[PDB]
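Peer 1: Residue numbers (the working numbering), protein chains in the order written: chain A, 5 to 466; chain B, 9 to 442; chain C, 1499 to 1952; chain D, 636 to 1063. Got a structure for you, questions after.
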Amino acid sequence: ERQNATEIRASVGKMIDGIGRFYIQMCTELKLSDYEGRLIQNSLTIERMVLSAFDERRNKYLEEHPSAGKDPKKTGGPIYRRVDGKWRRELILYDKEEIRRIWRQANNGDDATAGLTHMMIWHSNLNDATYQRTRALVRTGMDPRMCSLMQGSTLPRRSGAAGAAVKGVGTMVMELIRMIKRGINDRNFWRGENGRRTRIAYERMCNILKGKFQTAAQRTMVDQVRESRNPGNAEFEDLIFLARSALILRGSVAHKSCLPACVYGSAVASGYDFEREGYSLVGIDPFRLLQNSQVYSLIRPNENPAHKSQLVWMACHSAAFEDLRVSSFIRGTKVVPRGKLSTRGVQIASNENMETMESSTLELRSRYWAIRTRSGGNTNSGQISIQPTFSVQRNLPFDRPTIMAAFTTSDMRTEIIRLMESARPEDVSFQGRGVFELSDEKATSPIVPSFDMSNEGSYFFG
Amino acid sequence: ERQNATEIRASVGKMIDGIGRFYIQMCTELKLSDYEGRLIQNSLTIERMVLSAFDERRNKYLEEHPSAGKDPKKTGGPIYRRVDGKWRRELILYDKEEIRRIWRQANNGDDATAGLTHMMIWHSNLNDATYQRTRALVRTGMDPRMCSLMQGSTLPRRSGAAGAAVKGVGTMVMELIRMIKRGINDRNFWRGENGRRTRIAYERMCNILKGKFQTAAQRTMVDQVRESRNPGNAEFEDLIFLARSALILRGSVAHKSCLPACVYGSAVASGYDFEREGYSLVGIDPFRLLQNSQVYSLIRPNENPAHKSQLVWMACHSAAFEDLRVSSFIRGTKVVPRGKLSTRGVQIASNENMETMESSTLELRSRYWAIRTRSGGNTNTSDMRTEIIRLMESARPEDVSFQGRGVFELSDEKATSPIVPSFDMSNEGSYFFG
Amino acid sequence: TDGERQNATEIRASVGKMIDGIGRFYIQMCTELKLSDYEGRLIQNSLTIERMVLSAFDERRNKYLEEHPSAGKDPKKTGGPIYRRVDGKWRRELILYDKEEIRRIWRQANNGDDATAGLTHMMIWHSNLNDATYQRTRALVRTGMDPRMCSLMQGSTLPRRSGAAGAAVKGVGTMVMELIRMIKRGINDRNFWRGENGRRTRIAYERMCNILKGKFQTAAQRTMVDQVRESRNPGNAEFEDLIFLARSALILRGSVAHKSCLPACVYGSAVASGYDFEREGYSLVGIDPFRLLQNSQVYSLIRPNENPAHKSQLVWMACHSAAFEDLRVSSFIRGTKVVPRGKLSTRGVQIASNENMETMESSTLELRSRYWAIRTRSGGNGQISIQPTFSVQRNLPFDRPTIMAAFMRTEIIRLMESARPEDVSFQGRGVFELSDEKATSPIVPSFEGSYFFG
Amino acid sequence: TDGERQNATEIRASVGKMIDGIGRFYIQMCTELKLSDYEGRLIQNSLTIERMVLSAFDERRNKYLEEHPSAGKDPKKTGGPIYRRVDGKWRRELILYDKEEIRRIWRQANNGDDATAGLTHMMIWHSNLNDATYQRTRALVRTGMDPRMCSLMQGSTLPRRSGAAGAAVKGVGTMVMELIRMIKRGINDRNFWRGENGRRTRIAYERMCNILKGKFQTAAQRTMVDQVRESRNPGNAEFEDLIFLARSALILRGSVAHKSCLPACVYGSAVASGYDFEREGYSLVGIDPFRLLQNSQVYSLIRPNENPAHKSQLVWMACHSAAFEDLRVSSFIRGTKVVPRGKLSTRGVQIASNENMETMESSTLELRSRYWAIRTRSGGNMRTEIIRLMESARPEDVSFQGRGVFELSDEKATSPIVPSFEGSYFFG
RNA sequence: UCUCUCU
RNA sequence: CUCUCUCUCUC
RNA sequence: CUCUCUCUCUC
RNA sequence: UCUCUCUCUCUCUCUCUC
RNA sequence: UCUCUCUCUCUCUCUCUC
RNA sequence: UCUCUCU
Ligand SMILES: *[C][C]([O])[C]O[C][C][C][N]C(=O)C1=[C]C(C2=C3[C]=[C]C(=O)[C]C3=OC3=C2[C]=[C]C(=O)[C]3)=C(C([O])=O)[C]=[C]1
Ligand SMILES: *[C][C]([O])[C]O[C][C][C][N]C(=O)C1=[C]C(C2=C3[C]=[C]C(=O)[C]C3=OC3=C2[C]=[C]C(=O)[C]3)=C(C([O])=O)[C]=[C]1
Ligand SMILES: *[C][C]([O])[C]O[C][C][C][N]C(=O)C1=[C]C(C2=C3[C]=[C]C(=O)[C]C3=OC3=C2[C]=[C]C(=O)[C]3)=C(C([O])=O)[C]=[C]1
Ligand SMILES: *[C][C]([O])[C]O[C][C][C][N]C(=O)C1=[C]C(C2=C3[C]=[C]C(=O)[C]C3=OC3=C2[C]=[C]C(=O)[C]3)=C(C([O])=O)[C]=[C]1
C-alpha cells in the first residue's frame, strides 16, 4: 500500500522534472536572463508554444487550411526583455518540430503528455480565476449564476481523463447541452459513422458526469439522460435541472495545484530531484515549492501588485470558486472578490503601451496549507450497524434506509428537490479536517478555523 | 461436563501465566523500573519483539533478502525511560534467538503459540479501536460503511483458527475478494502446485466464513461461492452482497478480552497463580484483573487522558464496534465516538518531540461487567439472494436480541443476578465510527 | 428462423475455436516431440498425444494415483508409444511427459482456458473408434443384458468425465447399462441408497434417468422410464423393466446424436495450412468434417498380412460414427463397398507393446467419401384446435377427445408389432455432393447385408 | 476398452491388497508360531495355518460349538498339526489357539479390515486341492446322481460361506447336487417350503437356481432351469430334469470360472521378499500366479514309498485347478507328462494323526511350468431340443480357435503357441 | 446428595 | 467371455 | 458462545 | 528496529482545429 | 446476399458421485 | 505409461 504511493509520487515528480528541465532548455535557447526567465508572462508564452506544437489535430488542420500570413509549422508568442530598465515585447517564431524535439529530449525521448495536461490545467485554472464565462452560459440556456460549477471550462478536448477529473459539473453539462442542441438542429447528428462516434462520446461524457455526482438520485437521473436514443428538449431540461441541483448537492470535482513552468524550472535549476523526493498535486509539495520561489510579473500602470499576486495564487491553487473566508485563512491576507481587484488579466495584449509597463514581485506565499479535495462535501459514510460484543438484551441498531436503498419512483426530480430542501447553508462538512502549518509536512496536527466573527463575503464572483 | 471446563480454564490460565512471567523476565533484562514497566508503550514494544522473533517466514525472508541497514537477526523497538521527570525514547536491539529462548523458558521450555496469538489479538483489537480501514475497503470494492464487520483486519496469517474466530465477516470477505481479484488479473492463479495450495486455502476460508454465518440462506450462498472452479466477477459480487447482508443478518464473531502484557506481568509478579485459579477470556476474569491494575501511558501535549483511557478500555474489551449506549452502561462513563476523542493512537512515533510528552494513569475500570458473546444476535429456489433480501426486509432496528441477558455487578462472580438496561431516555449516538 | 441464423453462426464459431485449439495444441506437441511431417500425420502418434492430454486432465484418477502410486510409475508423468521412422524402418519408443507440462501446453494452445470441450471431443473420437473396432458383448452379458442389442452400445467406452456432450452422443443401451450397474451395487450393498453418499447416488441416478428418458420418442417408453426413476429402492423389478426398455429401443429407436470427431492429426494439418476454423466456423454434423477429410492425408501402421483398405474403412467408419449404421447407406456415401466386421482383415488401429515393431509398414488411409450426408440425432418414426381471427358468430371447434387424452408394457409391445422393417424414414432426405456445400439438391438412394456386427 | 484400462488396473490393486494381507498374515503367524525358514515353506504347515483362520471366522459353527460344546474340545480354541524339524527328524504337535487371537492377527494384517476376500481365496485353494486329490462318488451315488459325472464336481467341497466368489468357481454338478439335497429335504419334510423358514429357503432355492442358469450357455438349458425354478413345490419331476441337465453338461458344458489359488506359504515368501502386490497388482487368471510359482520354493512331507514328482504334480494341478482339464493340455503347459489319478503313487497331501511321523521325509515340490495359459470362465461351443443339440456335438469340434499358450518370458501374452496333439481323463 | 428453556 | 470381481453363509 | 483447531505469499 | 482514524494520489485519452 | 409445409437438414455447451 | 472384435 505504501509502495504504490511512492511509485505514484515518483511518476508525478518525473513529470514535474521534465517540465522544469524543458523550461530551463527553452530559457537557454531564448537567451533569457534570470529575471526574464522568472517572468510569468514569458513562462505563459513558452507553455503555449509547447501546447500548440503538440496540438496534432490543429496542426494538421492548419497545414490543410493555412492561416492568413502565418507559417503553419511555426509557433510563437510575446517574449519580454528588459533593456535599460525598459520592458519591450518581441514576437519570435520557433519551428513546431524543434519544440517537439526539445520537449521529448526534456522527458528523455518520451512525448510525456502528462506534463502537457498539467500545463493545460494550469492555464485552465488561471482562466477560471481571471475571466468569467457568463456569455457561454447564457447562450447554452443555463443560468449565469452557476459559475461555481464551470471549473475547467477552457480545457481543450485533448486533456482526456486527466483533465476530465478537473472540469466541473457545469462544463460537462454545457458540453452535453451543446451536443443535444446540435442534435436538435440537425437530425443527421447521431447518424452515420460520425453518429456512432458522437454517440460513444455522449455515453462516455455522461458516464464521467455520473461519476462526478454523489447522491443516488442524481446518478439515476443522469443514467436516464444517457439511455435516450435521440435526446431532445426533455434531456436538455433534465441536464439543466441536474446542474442547478449541483449547487446544493455538490459534485466530486478534482482540485490540483498546477504551478507555472517558471517555478518548476527554477526548482530544477536549483537542484531539486523531483524523481527522488516525489511530488503530489494535492499535498504540501506545491505549497513548499511556492514558499521559496520568486516570480515576477508585468504590472500595467495604475494597478495593485497585491491584487495580481492574489489572483495568481488563486489560479495556482485552483481556489477560484473557494470560500473567501477559508482562502483568506490559508493565505493570511484578505482574498478580495473579483469586483474589487484593481487588476486585469496576467497576459499582456499586443496593443498595450510597452513603455509605461512595470515589473513587480508576486507574493505567492501562504501562512497555512491544506489538502486539496475531490469531494464536494457531504450530501446527507461512517458505521451503519452494530456488531454485538456483550451478551446484553439491548436493541441492535442499524441504518435501515441506507442498507435497503442498495437493495431496491421513476421521477427522481421530486426526490432531488426534497434532498436539497432538507439541506441548509449551515451544515459542517469535512468534519475533523483542518489547515496545517508549513512545518507540519506529515499533516499530523490540524487547525480548525472559527469563522464566527463579523461576516465577510464568501463568493469570489459576487 | 464440569471437569472439561476446569481443564479449559487451567489451560488458558497457563497461557496467561506464561505471558506474564515472560513480561517480568523482559522487564528484569531491560532494567525497567516499576513505573516504566507499567507503561503501555513499553509493553507494546516488548510484545512486538516477541511477535517478530517468532515470525518464522518473515525472519527467513529477511535472512534471504536483508533489510536496509538492519541486522535480520535482531528485533527492537522504542523503550521509554524517565530521567529527572523527563521521558526519553531509546532504540535497543535484542537477538531473535535470545527472545525465543526467553519466551520458551517463560512457558517451561515450550513454544506456546497460544500466548503469541493472544498478544496478536490484543494488538488487532487496539488497531480496530484506533484506526479505520476505509482505504483498504474502497480498494477492494466494498463500501466504506461496513467497518463494523472489519474486526480483526490487522491479524496476520499465522494466527490460524484461534485468530480466525476473532476476525469478522468483513475481513474474510475482503481476503476472499483479494484472492478473486488476483485470479481475475492472472489466469496462472489457481494453476500448479501453488494453485492447489491456494484452492485449499480458498476452500478453508470459505468454510470458516460459512461457519460465521447463521441463517441457512447465507450459508447456501457462501457454499455456492465455494463450489466455483474459477471464481470470477460473479462470485466477487456475491461476496459483496453477503457482506452487505451481514449488516442486518449479522454473523458469529468471537469477542475476547485480550489485555496488554503489562497487566498480566503485574498480576504474576503480585502472586496470582492463573494455573490454579483459572482464566476465561469471556467472563469476569479480565474485568477483575483490570479493576485492581494500574497502567500508565504517554500523553502528547494537548490531549485528554480520559479519552485515551476510554480508547484503551475499548481495545481491551474489543468493544470498538459495540453500541455506545451499552458500552457506556458497562463502563459508567460516556464512551465518546471516535470523532470527538481528542487523542491520537497509543503508539508514539520516532519523530515526536520527546520533551513535552507527559505521563497519565489509564482509567481501565468499569462499573458493570458482561459476558462476551460469539453470537451476532437473533436472525428470525437456487437464487437465495431474493430470500436473503426478504429476510433483511422483515427485520427492523428495534428487535430485542439476547433476551433475558444483562450486565452483572463486579461482586457477582457467578453471574447470578442480571441487570437489564433501559435505554428509553433521550437518544445518544450508537456508532463509534459515525 | 431468421433469428436462429445468429445462434447457428455463434455455435459454428465456438466449435471452430475448439477445433483450432486441438490443431494448435497438436502442432505445438509435434514440434516439442520432434516429429517429422510423416510421423506427425501418423494416426498412431496422434492417438498417443490425445491420450496423454486426457490423462493429464484426469483430476480424479491422478489424485488416486498420488495416494496409491502404482509400481514403478510415478503419478505425475504420462506418455505413450511414439513411432518414428529412421532409415525407412519403424521403431517405437515410450515417451514420458509431466502432466503439468502437458496441461500448460494445452491451456496455452487454447488461450489460457481449460477448454474441456476439446477434451470431450477427443474422447468422443476415441469412443467412435472403439465402437467401430471392438464389440463389448462381455459387458452386456455380465450386466445381464442380451448380447444382441449391440446397436444401442454407442459410446459405451465414454468415461464419466464426458457430461452433457458425452451423454448426448451415447445410446440407449449404454445408458441402461449404467442404470443396471447402479441397481446391482444397491442390491449387493445394503448401505447403497442410504447415508450421505446414498443421497449423492440418488441425484446421479435421477439425472441419468431423465437424459435417458429424453432419448426416447414414443410416449409409452418415456412413461415406463419415469416409473423406474420413482423407485426409492430399485431392485429386480426395475432390472427387468429396463431390460424391456432396451429391447424396445431396437424397434422404437431413440434419439442418439451422431458427430464426426476426427483425429487431431487432421486438425493439426489443417491449422498448419493456415486454415482458420474460428473465422469460417465448423460443425460436427454438417459438411465441414467431410470437406476436411477430402483434403486431408493420414498415414497409419499396417500389420503384416492386413488389407490397408479395410483399416481405412474402419477409420472412416469411426470418423463419422457409422459403426451401427446401415451398410447400404454407408457403402453409398463412401462410394466403395463397406464390409461387415467379420470380413475385415485387420485388427485394431492401436499397436500393442508386445508387437514386433520391425515387420510393420505404413500406408495412407483412404478417408475419402464420394458423397456427404448430415448426421442425425433422431431415430426412426396435425391441427386439433382453432384460433379465431374474424369477429363472426361461428363456433370455435377443437378436437376434444385428443386434447383431454393427454391429461406401460402391453402398449409398447403393441407399438412394435405394428412396425415393420420396410417403413420409409427420413422421407425426401438424401445424400449431397462434395461440391454442393449448401445442401441444395439431395440425392435419394435406391437400394446385400445391412448389419456391420452380424 | 480405453475406459476399462482404468477398471482393470483398479481390480488388480484390490486383488493385490488381498494377497498382501494373506502374505502379511502368514508372515506374522510364522513368526508367532516360531517356524524356521524350512518349516514355514512346508505345505502341511501352510494348510494348518490356513485351516485355523477359516475356522476362526466360522461364526455359525463357532456359535453352535459354544451352545453345544464338543467332548474334550472347548469351542473357543482352534489349531492343527504343526510339523517341526529339529535334529533332522520330523515331529507333529497339535497347536491350540484362541479363535479371537487368530482373528485379531488376521485383521491387523489387513489394516484392521475383515478382508473376507482373503478367506474365500484360501477356501478356493482348499477346494482345488481336494478336487485334484479325492473323488467324491459317494455323495454322487448318495444323492441319486450317476457317479460318472465327476467332471462337473468342481468346488463341491466349498462351504456355503463362500458366496458370489465361491459360486463362480463351483461347477454344474455341485450346483445340481445342492438343489437335489433341497428337493430331497422338501420331499421328506412336508413342512419344508412352508412357514417363515420356508420363505427363506425359497429365496435360497431361487438364488442358487439363478446362478446355475447363468452358468449355462445354450438357450435350451437356461429355459429348462428356468422351469425348475418356477416350481413352487419341487418334487421327483424336478429331480429328473436336474439330473438330465447335469448329463447335458457333459456335452454342452457350462461356464465355470477357474482361478489359481496358491498356498499361503507362497504368498508369505513373496511378501517377505518385498513384493508389493498392491503396487504391482495381481490377477488369478493371468500370468501372475505362474510367475509367482516359478520363483517360489515349497516343501512337502513325503510318505514312504511315494514318488515326489507325482505329489508335486498333484499340487501343481490343484494350484491351477486343472483337476478336470485335458491331460494333453495340462502336460503341454507343464512340460512333463501329467499322469492320471489311478497311476499316481501318492496319497493326499494332508497327514493323518494315525500316521507314524517318524519315517516321513520332506521333498521339494516342482511347481514350475514350461508354459503359461489364461484361465477361462467359459466352456467350448426344452428336452428333445437338448438331446438334439448334443447329438450334433462331436468330440472333435475345435474350441478356443486361435487361442494358445504363451511363454513365461511373454508377460503381455502377445504371441500364442497353439498346441498340436494318449489318455485325456484324470479320473478315468 | 447436581444443574439447565432456546447451536 | 485373452483376464474387465469382489467383501462371505438360510450366520 | 469457553477450548485444540493452524497459516497460498514476509507483505 | 515503520507509520496512520475517517476513500479524494495515479494510467485512464480525445465526435470536430474551433 | 439461405432455405423449408407436416419428428429434430445442422441451434453446440465451458467435463465426473472429484 | 494396458489390452481386446464377437459369453
Ligand atoms: C450496447 C451498445 O453498443 C448499444 O449502442 C447503441 C448506440 C450506438 N448506435 C449509434 O450510435 C448509431 C446507430 C445507427 C443505426 C441505427 C440507428 C437507429 C435505428 O433505429 C436503426 C439503426 O440501424 C443501424 C445503425 C447502424 C448500423 C447498422 O447497420 C444499422 C446509426 C445509423 O444508422 O446511421 C448511427 C449511429
Ligand atoms: C472433492 C474435492 O476434493 C474437489 O476439489 C476440487 C478443487 C481442487 N482442485 C484444485 O484446486 C486444482 C485443480 C487443478 C487441476 C485441474 C483443474 C481444472 C480442470 O479442468 C482439470 C484439472 O486437471 C488436473 C488438476 C490437478 C491435477 C491433475 O492431475 C489434473 C489444478 C491444475 O491443473 O493446476 C490446480 C488446482
Ligand atoms: C448420558 C446422558 O443421559 C446425559 O447424562 C447427563 C444428564 C443426565 N444425568 C445423568 O444421567 C447422570 C448424572 C450424574 C450426576 C449426578 C447424579 C446424582 C447426584 O445426586 C449428583 C450428580 O451430579 C452430577 C452428575 C453428572 C454431572 C455433573 O456435573 C454432576 C451421574 C453420576 O454422578 O454418577 C450419573 C448420571
Ligand atoms: C499485507 C497486509 O497485511 C498489509 O500489510 C501492511 C500493513 C501491515 N504490515 C505488515 O504486514 C508488514 C510490514 C513490514 C514493514 C516493517 C516491519 C517491521 C519493522 O520494524 C519496520 C517495517 O517497516 C515497513 C514495513 C512495511 C512497509 C513500510 O513502508 C515500512 C514488513 C517488512 O518490512 O518486511 C512486512 C510486513
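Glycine included, each C-beta is placed from N, C-alpha and C at the ideal position.
1. Over the uninterrupted alpha helix (DSSP H) stretch that includes C:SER1916, give me the two end residues.
2. Got a sec: is the Cβ-Cβ distance from D:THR999 to anything in chain C below 8 angstroms?
3. Evaluate D:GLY723 with the Cβ neighbour count: other Cβ atoms within 10 Å of its Cβ, from every protein chain shown; 16 or more gives buried, anything less gives exposed.
4. So which residues of chain C does B:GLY412 contact, with C-beta pairs closer than 7 angstroms?
5. Shortest alpha-carbon distance to B:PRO268 belongs to which of B:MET128, B:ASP103, B:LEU418 and B:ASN435?
6. Does the beta-carbon of B:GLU9, which I'm using as the reference point, lie nearer than 7 angstroms to any heavy atom of ligand 3?
7. Just list the beta strand (DSSP E) runs in the stretch 1652-1702 of chain C, keeping only unbroken ones of 3 residues or longer that don't cross its boundaries, in chain order.
8. Is B:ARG375 near ligand 4 - that is, is its Cβ less than 7 angstroms away from at least one heavy atom of it?
9. Using the three-state DSSP reduction, which class does D:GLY715 fall into: helix, strand or coil?
10. From C:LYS1682 to C:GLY1733, what does the alpha carbon distance come to, in whole angstroms?
11. For the stretch 295-306 of chain B, list every residue whose C-beta sits within 9 angstroms of some C-beta in chain A, in sequence order.
12. Please tell me whether C:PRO1806 has its Cβ less than 8 angstroms away from any Cβ of chain D.
13. Alpha helix (DSSP H) containing D:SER681: first to last residue?
14. Could you tell me whether the stretch 653-668 of chain D touches the stretch 911-925 of chain D, using the rule of 3 or more Cβ pairs below 8 angstroms?
15. Less than 8 angstroms between the CB atoms is what I'm expecting for A:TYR84 and A:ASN46, so what's the real figure, rounded?
16. To the nearest angstrom, how far is it from the Cα of D:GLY779 to the Cα of D:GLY801?
17. Taking just the CA atoms, how far does C:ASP1786 sit from C:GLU1508?
18. Taking Cβ-Cβ distances shorter than 8 angstroms, what residues in chain C pair up with B:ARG165?
19. Which residues, taken in chain order from the stretch 899-921 of chain D, show a beta carbon closer than 7 angstroms to some beta carbon of chain C?
20. Please determine whether the Cβ atom of A:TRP194 lies at a distance below 7 angstroms from any heavy atom of ligand 1.
21. Whose Cβ in chain C lies nearer than 8 angstroms to the Cβ of B:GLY200?
Peer 2: In short:
1. 1908-1916
2. no
3. exposed
4. Under the 7 angstroms cutoff, chain C gives no residues; its nearest Cβ is about 37 angstroms from B:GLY412.
5. B:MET128
6. yes
7. none
8. no
9. strand
10. 8 angstroms
11. none
12. no
13. 678-691
14. yes
15. 6 angstroms
16. 24 angstroms
17. 16 angstroms
18. Near B:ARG165 there are no residues of chain C at all, since even the closest Cβ is about 26 angstroms away, more than 8 angstroms.
19. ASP911, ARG914 and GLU915
20. yes
21. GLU1598
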